[PDB]
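Protein chains in written order, with the UniProt record's numbering: chain A, 1 to 171; chain S, 1 to 291, 306 to 728. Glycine is no exception: its CB is placed at the ideal position from the N, C-alpha and C atoms. Here the structure comes first, spelled out in structure tokens, and everything after it is commentary.
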Ligand code: SF4
Ligand SMILES: [Zn+2]
Ligand SMILES: [Zn+2]
């Protein structure tokens, strides 16, 4: 919302900040009033670049920095790969070496051509999915579930503490 | 004067000691013999330092192996200067008694800003600026370039110190800060680094808390060398607040914008470095793979690996992501939100920033920023603050909390929101001191009752004794006035604050007390806004003009320059027969910094019990967490915070040399048993039921009579 305005229609960005960026394969600071303008003609084409889009390639995002928008979306996609837990590797260096390669992949995708990254990702898809990728999908789902359970346990304990001290006072 | 203490024989410079001094020395010797941390209170502002220092020196002589050295800390450098003066006098006395020099060293540490000899940094007074300039001059890059001896300003003092002081340490002696500056000038060495090295072999070292509490700078000079040392904190009743401040980090919108600009400059500098010199500075990557100071204490700090951030670009992107998350989280407009662990979890989920890589953020910032050969760290200081916050949050949140304030107090609508990371318990940050050092003595004056302190700070005290000053004459005659001439309650309650009758009672009491009291009087209010309201009411009425006629009136303001000018004029007014009435705030920095002595602040007036506003959400976390853990009632802790502050701001008049003076508290709340009980023992025992709730007129009459009694000689 801190951006000066859209490259084309920098108006709404001044009147109100309600508009949120729209991510695309192009990687852009697109705005809803401008998304309508893209829908009317082209229907999934970047105005200046002209990059084709299958179905408008539009998804909501909330950060004034377009570079952060693209980086966060690319990282979201990448996290689906190389999600194996650290303890799977006993080697000290290998704990974060693969994370280094992951972030290098992210930076490569942000600016440089993604053809090599896609070919490499196909290679990692075939070799790792056989066993480890689906296993770590399961384990990360388990840890998400148990963290939501633990936060609800914390909030049950806080509600019980509030209501029991109220019943202390009234009793 | 050699005192045959029960433990041993202890020298003493002055001729006579009061029985309270005997009690202090015996209790202190008991604690040292037990070799266990403890806390004790002594009334006198001065005299306690000499007794403590003499006992510690004698104990060191008797059992040198038991205690390696003494680490005596004081609130402020102007105060610690008086301590070094006392130590110098004691050493001169002992040296005269022995007839020869002994291998004893005593020194005081202080900031490079306070003491330094470089003309370039001399004109600048801002501490971050001095730190950055000194880092630039002493940089490893500058040292290597000095080896080349190219045409460039190089700070010769550090180089000469490295050449000479490394080989030869200072034999012995006592050096004040000012005298150490002269020694550094004469020897072409650093008064700072020379003392830093002497810490390795020094019998006595004195420096303020922020040199011994904050893990960033405290640890480096408080390394494990002093495994068994007598660490002592003087007048450290406000130790919890400073220990919390050593951890709390405040993030603001302006600071975040400055961080973003600094980060842009960092990126540009990285590009320039890549195009100019790349391989030599890339060797940093190799040493990083092998594996401003960190805020993580000894055991909490970790150095396994930097993490996923292994290159300049990767680290820069990580900081960009975290800064964007903080920016948005702060921009959100809503009620105050608290989230110690939920903040970390939400950060990791929303922006994909794992806590383990986030942990080493500040350390990797230090290393990478060093690689960049920046001009100075002053420009990038906001980024380092944000990095310290980023590493701290990922380090721990069990006894912490992140508070967000989209709207600031005293402003219906302001575009400068603030994110606080205020701590809740000081035990977390003060644990290393207690654990590392065999025994710590928290010697304090005006101490609110000791029982609370073990609860707030997790330690097992050895002795719990309150020492009462005993003199042939009643130096202090405190009183509490709750009933005015109208026989109306004068409590300064929030709902009763607006009461014009109560304000009038305060004004009339001040008028009469200024009429009778001799030159020099200080009145402490509860807040700036309350003080201004009372002053305005008195101005609308004729009371204020009469007070002005009777005696000069000075007022305190938030601005330090005006505060200093007003206090400077107040001192001259006290010296002259005009007199002065200094209105100030209990929480004001002036109240804690200033010390009142004979013919200074003769009658200390306390207008209302000092209570912090019940809306500041930081205190809500700090207080409800104490209720949940350590089991302290909210009202108990609130009244403790009021009584400790009042004792701090009212205990100055009895500084030393047996200078008479009266402490009047114009609030019926102090008459309550709980307030009296929590009041320090020495004041309370002097206080009696006869004068507990004197009317305004009766208090004035008894004050006049007591001043008559104290006027005559011994
Ligand atoms: S190296 Fe020594 S003399 Fe030079 S600026 Fe730093 S403290 Fe001052
Ligand atoms: Zn637009
Ligand atoms: Zn485009």
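Determine the extent of the alpha helix (DSSP H) in which residue i is found, giving its start and end residues.
i             : result
residue 433/S : Where residue 433/S is concerned, there is no enclosing alpha helix (DSSP H), although the beta strand (DSSP E) it sits in stretches over 432 to 434.
residue 363/S : 354 to 365
residue 410/S : Careful: residue 410/S lies outside any alpha helix (DSSP H) and carries neither H nor E.
residue 261/S : 253 to 276
residue 471/S : Residue 471/S -> no alpha helix (DSSP H), and no H or E assigned at all.
residue 25/S  : 19 to 34
residue 92/S  : 77 to 98
residue 331/S : 326 to 345
residue 22/A  : Careful: residue 22/A lies outside any alpha helix (DSSP H), inside the beta strand (DSSP E) at 21 to 23.
residue 370/S : 369 to 373
Quick one, are the C-beta atoms of residue i and residue j less than 8 Å apart?
i             : j             : result
residue 234/S : residue 24/S  : no
residue 32/S  : residue 40/S  : no
residue 296/S : residue 70/S  : Looking at chain S, the numbering goes 291 and then 306, which leaves residue 296/S without any coordinates in this model.
residue 386/S : residue 398/S : no
residue 82/A  : residue 102/A : yes
residue 90/S  : residue 52/S  : no
residue 710/S : residue 521/S : no
residue 122/A : residue 64/A  : no
residue 46/A  : residue 29/A  : no
residue 406/S : residue 435/S : yes
residue 484/S : residue 18/S  : yes
residue 440/S : residue 240/S : yes
residue 160/S : residue 146/S : no
residue 249/S : residue 403/S : yes
residue 447/S : residue 38/S  : no
Tell me which residue opens and which closes the beta strand (DSSP E) that residue i is part of.
i             : result
residue 59/A  : 59 to 61
residue 458/S : 453 to 458
residue 620/S : 617 to 621
residue 106/S : 105 to 108
residue 38/S  : 38 to 41
residue 39/A  : First-last for residue 39/A: 32 to 40, but that is the alpha helix (DSSP H), not the beta strand (DSSP E).
residue 9/A   : Here residue 9/A belongs to no beta strand (DSSP E), and DSSP marks it neither H nor E.
residue 418/S : 417 to 419
Given that residue i touches chain A, what residues does it touch there, using C-beta distances under 8 Å?
i             : result
residue 322/S : 96, 99, 100, 102 and 103
residue 328/S : 100, 103, 104 and 107
residue 413/S : Under the 8 Å cutoff, chain A gives no residues; its nearest Cβ is about 15 Å from residue 413/S.
Check whether chain C comes within 8 Å of residue i, counting only Cβ atoms and requiring the distance to be less than that.
i            : result
residue 68/A : You won't find chain C in this structure, because its protein chains are A and S.
Output, in chain order, the set of chain S residues within a Cβ distance shorter than 7 Å of residue i.
i            : result
residue 76/A : 366
Report the neighbours of residue i on chain S: residues whose CB is nearer than 9 Å to its CB, in chain order.
i            : result
residue 72/A : 335, 338, 364, 365 and 366
residue 79/A : 366
Run down chain A in chain order and give the residues with a C-beta less than 7 Å from the C-beta of residue i.
i             : result
residue 275/S : In chain order: nothing, as chain A lies at least about 18 Å away.
residue 536/S : Under the 7 Å cutoff, chain A gives no residues; its nearest Cβ is about 42 Å from residue 536/S.
residue 261/S : Going along chain A, no residue has its Cβ under 7 Å from residue 261/S, so there is no contact; the nearest lies around 13 Å.
What residues from chain S crowd round residue i, counting only those whose CB sits closer than 8 Å?
i            : result
residue 62/A : 342
residue 65/A : 334 and 338
Residues of chain A with CB closer than 9 Å to the CB of residue i, please, in chain order.
i             : result
residue 296/S : Between 291 and 306 the numbering of chain S has a gap, and residue 296/S falls inside it, with no coordinates.
residue 319/S : 92, 93, 95 and 96
* Contiguous alpha helix (DSSP H) assignments of at least 4 residues, all confined to the region 475 to 540 of chain S -> 514 to 530
* Is the number of C-beta pairs between the region 184 to 192 of chain S and the region 214 to 225 of chain S that are closer than 8 Å three or more? -> no
* Asked: Is the region 667 to 683 of chain S close to the region 622 to 639 of chain S, with three or more CB pairs under 8 Å?
  -> yes
* Along the chain, which unbroken stretches of the beta strand (DSSP E) at least 3 residues long are found entirely within the region 635 to 702 of chain S? -> 676 to 680
* To do: With a floor of 4 residues, list each alpha helix (DSSP H) that falls wholly inside the region 76 to 149 of chain A, ordered by position along the chain.
  => 94 to 111 and 115 to 129
* Examine the Cβ distances between the region 267 to 277 of chain S and the region 501 to 509 of chain S and report whether three or more of them are shorter than 8 Å. => no
* Asked: Counting Cβ pairs closer than 8 Å, one from the region 254 to 263 of chain S and one from the region 393 to 408 of chain S, do we hit at least three?
  -> yes
* Spell out a yes or no on whether the region 587 to 601 of chain S and the region 506 to 515 of chain S are touching, meaning 3 or more CB-CB pairs, one atom from each, closer than 8 Å. => no
* **Touching by the beta-carbon criterion (3+ pairs, under 8 Å), the region 44 to 63 of chain S and the region 466 to 476 of chain S** => no
* **Contained alpha helix (DSSP H) runs [length at least 4] in the region 535 to 623 of chain S, N- to C-terminal order** => 542 to 554, 557 to 564, 574 to 589 and 603 to 607
* contact_flag[the region 554 to 571 of chain S, the region 641 to 654 of chain S] where n(CB pairs < 8 Å) is 3 or more -> no
* Per the contact definition of three or more C-beta pairs closer than 8 Å, is the region 364 to 381 of chain S in contact with the region 316 to 333 of chain S? -> yes
* Decide if the region 358 to 373 of chain S is in contact with the region 94 to 109 of chain S; the criterion is three or more beta carbon pairs, one per stretch, under 8 Å apart. => no
* To do: Report yes or no: do the region 309 to 317 of chain S and the region 593 to 612 of chain S share at least 3 C-beta pairs separated by less than 8 Å?
  => no
* Asked: Using 8 Å as the threshold, is the region 123 to 137 of chain S in touch with the region 162 to 172 of chain S, meaning 3 or more CB pairs across them?
  -> no
* Asked: Quick check: the region 411 to 418 of chain S against the region 141 to 157 of chain S, are there 3 or more CB pairs under 8 Å?
  -> no
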